[PDB]
Structures are given as structure tokens and as C-alpha cells.
Amino acid sequence: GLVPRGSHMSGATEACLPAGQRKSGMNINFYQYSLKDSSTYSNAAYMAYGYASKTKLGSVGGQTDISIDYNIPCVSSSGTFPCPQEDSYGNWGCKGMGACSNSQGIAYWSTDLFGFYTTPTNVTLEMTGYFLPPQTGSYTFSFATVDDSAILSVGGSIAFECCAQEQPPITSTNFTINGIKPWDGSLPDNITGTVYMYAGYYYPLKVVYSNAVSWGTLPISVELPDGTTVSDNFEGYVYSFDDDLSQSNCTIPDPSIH
Ligand SMILES: OC[C@H]1O[C@@H](O)[C@@H](O)[C@@H](O)[C@@H]1O
Ligand SMILES: OC[C@H]1O[C@H](O)[C@@H](O)[C@@H](O)[C@@H]1O
Ligand SMILES: [Ca+2]
Ligand SMILES: [Ca+2]
Ligand SMILES: [Cl-]
Ligand code: NA
Ligand code: NA
């Protein structure tokens with residue numbers, strides 16, 4: 001045939017072609033989350049959108065290194081140093097530091113998350129931007145682990161609306177990766193999700209992440225169509241655009257036929 005037939009049953013992921021000035025990296029918004037609240041983040045509506053009904057603490061833009069690896073302090077005999085969780089032991093010490101005099105269960109303030117001074121022990125944050133595939137094909141996004149709760153969403157009308165990156169969150173719960181902390185706190189069923197993408201279109205991307213206490217972890221990766229993996233540093237793949245609600249042609253409801 002002259003033209004491709006298109007993905008079946010309108011199944012292509014919606015993408016975007018924003019016409020404005022592209023910015024490298026994602027925007028990170030931070031919102032209040034209560035220390036040791038082990039229920040709010042179990043919820044889908046909260047992780048999709050309800051987080052933004054909490055106080056907004058601040059934001060930072062232009063972030064290309066997006067994994068989280070927050071370690072609480074150990075107030076040790078030799079000073080205060082961050083403790084990798086796997087090195088913690090007893091009640092409690094940190095291997096190579098001896099016993100720690102401080103509590104695991106209080107809030108701690110740090111710039112570890114994106115340079116923004118907040119409480120990484122207890123916070124929710126929303127990463128938004130557009131993923132630019134260099135290759136047409138299947139992309140597999142993954143979280144290596146999740147501590148405490150996270151989702152990843154890809155696509156127009158799923159992550160956010162085309163050319164409307166800065167708007168309040170949309171209500172879609174059609175997550176690409178559902179990493180929500182289960183009520184009965186095992187691991188989530190699946191912390192990887194696949195999207196078929198067409199090169200050169202901008203795909204809305206949203207990550208929402210919550211920590212309730214102590215350590216926080218979210219190692220983010222994507223496997224490209226060519227089989228290579230990009231981990232943590234997404235420079236060259238993620239971008240931001242200021243809203244332009246007036247750009248009529250911004251949404252591409254089916255890239256395969258566009
Ligand atoms: O923790 C989130 C991000 O914080 C930034 O300031 C850098 O340290 C990144 O390497 C890290 O991925
Ligand atoms: O699961 C509740 C909790 O368990 C541990 O205390 C640590 O792994 C925390 O980071 C985690 O939030
Ligand atoms: Ca829409
Ligand atoms: Ca935690
Ligand atoms: Cl030790
Ligand atoms: Na860690
Ligand atoms: Na520290």
C-alpha cells in the first residue's frame with residue numbers, strides 16, 4: 001500500500017511537536033508528604049495527581065540526571081556521613097563508621113534531591129518533560145527498585161497534555177510503570193513498562209516519586225530499540241518546553257500516520 005495502515009485500534013501512543021524553545025532536562029516539582037505516612041502514597045489517585053493538592057515546596061528545572069539514591073546520615077564517632085542502606089546494621093550502625101547516635105525515624109534536610117533543600121526522608125516529587133526517541137521502536141523503561149512509591153507515565157493524555165507541561169496534573173492512572181507501594185507491602189507486580197515510539201516526536205514523560213521515611217531509592221533506566229540501556233543520566237533524551245496552549249497543531253494523536 002501507498003501508506004502505512006497505522007497501529008491497530010488507535011493504539012499508538014500520543015506524542016507532540018512543540019514549536020517553542022527547547023530546554024534540556026526535566027522540571028522537578030516538590031510537594032509536602034508526611035513523615036512516616038505509610039498509606040497516602042498507596043493510592044493511584046494520589047500518585048497520579050493528588051500529590052499536587054498538597055503544599056508545593058518548590059521546584060528546579062533543567063534536570064537530566066534523574067535517578068534517586070538518598071541515604072540518611074549516620075552521626076558517627078568520626079563525624080556525620082551518609083549511610084548506604086545495605087551497610088546499616090544493628091540498632092544502629094553503619095559499616096565502617098561504628099554506631100550511629102541519631103534516629104532513623106526523624107526527618108532530615110539535604111540538597112540530595114536535585115540541589116533543592118528539602119526533607120528527602122519525606123517528600124513527593126513530580127518530574128515532567130518530553131522524551132525524544134532517537135530511534136523508532138520499542139523502549140523499555142524500568143525502575144530497578146522503588147523506595148517508597150513511584151509511577152512513570154509516557155504519552156500525551158497520559159503523562160500530561162502536549163504543549164501543557166506546566167499545567168496541574170491530569171487525572172490519568174494509565175501508568176506505564178506502576179511502582180505504587182502495595183497496601184500489603186510486598187514489591188509491586190512489575191516495575192518495567194514498554195512504549196513503542198517513533199523517532200523525532202516528543203513524548204510527554206512524568207515520574208512521580210514518594211518517600212515516607214529514611215532511605216529513598218529510584219534507579220531509572222530505559223532500554224533503546226537497539227538494545228542499549230541508558231541509566232540515570234538522560235541527557236540528550238529529555239527536554240522541557242514552556243507551555244503554549246495556543247499552538248493548535250502541537251498534539252500528534254498517532255505518530256505512525258503523521
Ligand atoms: O537525586 C536526584 C539528582 O540530584 C541531582 O542533584 C544530582 O545529584 C543527580 O545526580 C541526582 O540524580
Ligand atoms: O518500608 C518502610 C521503610 O523500610 C525501611 O525502614 C527503609 O527501607 C525505608 O526507606 C522504607 O521506607
Ligand atoms: Ca487529551
Ligand atoms: Ca523510604
Ligand atoms: Cl562498623
Ligand atoms: Na542508597
Ligand atoms: Na549525611
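What's counted below: heavy atoms across the whole structure, side chains too, no hydrogens, waters or symmetry copies. Index from 1, following the sequence.
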Under a 4.5 Å cut-off applied to non-hydrogen side-chain atoms, are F143 and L152 in contact? yes
Is any side-chain heavy atom of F116 less than 4.5 Å from a side-chain heavy atom of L113? no
Using the six-membered ring wherever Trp is involved, compare the ring planes of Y33 and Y41 and label them parallel, tilted or perpendicular (cut-offs 30° and 60°). parallel
Compare all side-chain heavy atoms of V213 with those of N122 and state whether any distance is below 4.5 angstrom. no
What about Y130 and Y203, are their ring centers closer than 6.0 Å? no
Check whether any side-chain heavy atom of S256 lies under 4.5 Å from a side-chain heavy atom of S7, and answer yes or no. yes
Side chain to side chain contact (heavy atoms under 4.5 Å, CB included) between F234 and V222, worked out: CA-CA 9 Å; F234 278 68; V222 63; 3.6 Å; yes
Is a side-chain donor-acceptor pair under 3.5 Å present for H258 with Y201? yes
For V207 and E126, what are the C-alpha separation, side-chain angles and deciding distance, and is it a side chain to side chain contact (heavy atoms under 4.5 Å, CB included)? CA-CA 6 Å; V207 175; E126 176 205 71; over 6 Å; no
Decide yes or no on side chain to side chain contact (heavy atoms under 4.5 Å, CB included) for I66 and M127, but give the supporting numbers first. CA-CA 8 Å; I66 61 169; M127 318 187 191; 3.9 Å; yes
Taking salt bridge (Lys or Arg N to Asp or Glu O under 4.0 Å) as the cut-off, I'd like each qualifying pair that reaches into residues 216-240, sequence neighbours left out, listed once. none
Is it the case that the side chains of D37 and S39 hold a donor-acceptor pair, with the cut-off being a distance below 3.5 Å and no angle test? yes
Flag side-chain contact, heavy atom, 4.5 Å: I180 against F175: yes
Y239/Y237 aromatic ring centres below 6.0 Å: no
Option among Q21, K23, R22 that satisfies the side-chain hydrogen bond (donor to acceptor under 3.5 Å, both in side chains) test with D242: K23
Residues 86-99 side chain polar contacts: donor-acceptor under 3.5 Å, at least two apart:
from, atom 1, to, atom 2, distance (Å)
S88, OG, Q85, O, 2.7
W92, NE1, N102, O, 2.8

When you compare the side chain of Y139 with that of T194, does any pair of heavy atoms fall below 4.5 Å? no
Do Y198 and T13 meet the criterion of a side-chain donor-acceptor pair at a distance under 3.5 Å? no
Side chain of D112, backbone of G115: donor and acceptor closer than 3.5 Å? no
Quick one: OG1 on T128 to CG on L205, what's the gap to the nearest 0.5 Å? 8.5 Å
Indicate whether the side chain of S149 and that of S210 have a donor and an acceptor atom separated by less than 3.5 Å. no
N/O donor-acceptor pairs under 3.5 Å from side chains in residues 70-79, not counting sequence neighbours:
from, atom 1, to, atom 2, distance (Å)
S76, OG, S78, N, 3.1
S76, OG, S78, OG, 3.2
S76, OG, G79, O, 2.8

Hey, mind stepping through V154 and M197 against side chain to side chain contact (heavy atoms under 4.5 Å, CB included) and telling me if it holds? CA-CA 10 Å; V154 180; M197 301 185 155; 3.5 Å; yes
